[PDB]
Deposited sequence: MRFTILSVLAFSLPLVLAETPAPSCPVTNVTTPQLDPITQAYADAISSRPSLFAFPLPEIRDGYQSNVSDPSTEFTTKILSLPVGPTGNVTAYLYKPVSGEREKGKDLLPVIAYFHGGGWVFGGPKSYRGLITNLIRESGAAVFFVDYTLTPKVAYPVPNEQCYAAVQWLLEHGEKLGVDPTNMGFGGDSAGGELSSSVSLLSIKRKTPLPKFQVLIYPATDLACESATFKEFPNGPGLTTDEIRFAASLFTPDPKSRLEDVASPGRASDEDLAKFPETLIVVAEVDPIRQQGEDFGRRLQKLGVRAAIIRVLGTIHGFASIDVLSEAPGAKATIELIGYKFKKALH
């Protein structure tokens, strides 16, 4: 069922204790190990905590299109280092700038603070982007896993507050419903790459109050028909062997029914994380869909 490269990776980490457990490391972001880009480090004096860290990445040589990217890692891990591979791929394929939001990780904060940090950073980009050489009117959203929850959350908050939506949104195996368990939870309870236990752990740090999980801002899969019908055109990519697979597909079908242009693609033989884990990302299906994502940002953002 799994392709050899993905199977080899799964075998190599079956031996590893899960990192989603106490005590948490104090380093939450690190490198996993040809396209060049510039980096501007931004401390934005905005949002619930008074600061949001953002990195603006631009390809080398009028206004560049820009992808606001919200990284995954279960709201506990990740940052510019661990996502360097995906950011590079996005920049190589899309030709766009990447606005990478380095929001505060759990449990230093909890829902809805990372959501509002991401939302506030986007509002800043909208106002000041032109001065950094990007075109805020040509904006994409991207997010993977927990970042997919954040991407769709920020979209929903934009709809609620009547602030600009991106032209195009990509959700990669997104978490869309933190409250309910879906069919694939049962099908792949610890099926490699992501286990039901890791999911519960991440959800307990990000939304310690289970009642929070029912809110549409936490779980955009539970948003109203009226709000979701206003979503930007969206591409959803899911891994086949993945407890969280059902959430993305159901969310996409829901967008389709409501008249949003939404494409949904299932990649066979791969697992959660294939877009950001270097080893997984070189397998045929993963590699193909990663360049599709970048290619589709290139086509949508002009």
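- In sequence order, the gaps in C-alpha coverage of the deposited chain fall at 1 to 33, 67 to 71, 100 to 106.
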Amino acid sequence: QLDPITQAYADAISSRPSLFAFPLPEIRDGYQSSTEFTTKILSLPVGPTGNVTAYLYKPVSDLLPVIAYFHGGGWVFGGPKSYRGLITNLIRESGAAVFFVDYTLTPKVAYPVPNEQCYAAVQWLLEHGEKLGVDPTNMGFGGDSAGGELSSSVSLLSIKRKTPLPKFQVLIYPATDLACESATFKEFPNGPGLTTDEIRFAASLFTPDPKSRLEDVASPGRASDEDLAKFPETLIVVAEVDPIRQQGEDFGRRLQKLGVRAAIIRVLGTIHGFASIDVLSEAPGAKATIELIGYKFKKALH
From here on, numbers count along this sequence of modelled residues.
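- Taking the mean C-alpha B-factor of each stretch as recorded, 158 to 166 and 192 to 200 are not equal, and the higher mean is that of 192 to 200.
- Mean CA B-factor, 17 to 25 versus 288 to 296: the higher value falls on 17 to 25.
- The residue among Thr104, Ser94, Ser182, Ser153 whose C-alpha carries the highest B-factor in the deposited model is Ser182.
- For the set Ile236, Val267, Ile277, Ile67, the PDB entry puts the maximum C-alpha B factor at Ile277.
- Among all modelled residues in this chain, the alpha-carbon of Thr137 has a temperature factor (C-alpha) in the highest third.
- Among all modelled residues in its chain, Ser61 ranks in the highest third by Cα B-factor.
- Ranked by Cα temperature factor within the chain, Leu258 sits in the middle third according to the deposited record.
- Per the PDB record, residue ranking by Cα B-factor puts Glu187 in the highest third of the chain.
- Ranked by C-alpha B-factor against the other modelled residues of its chain, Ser43 falls in the middle third.
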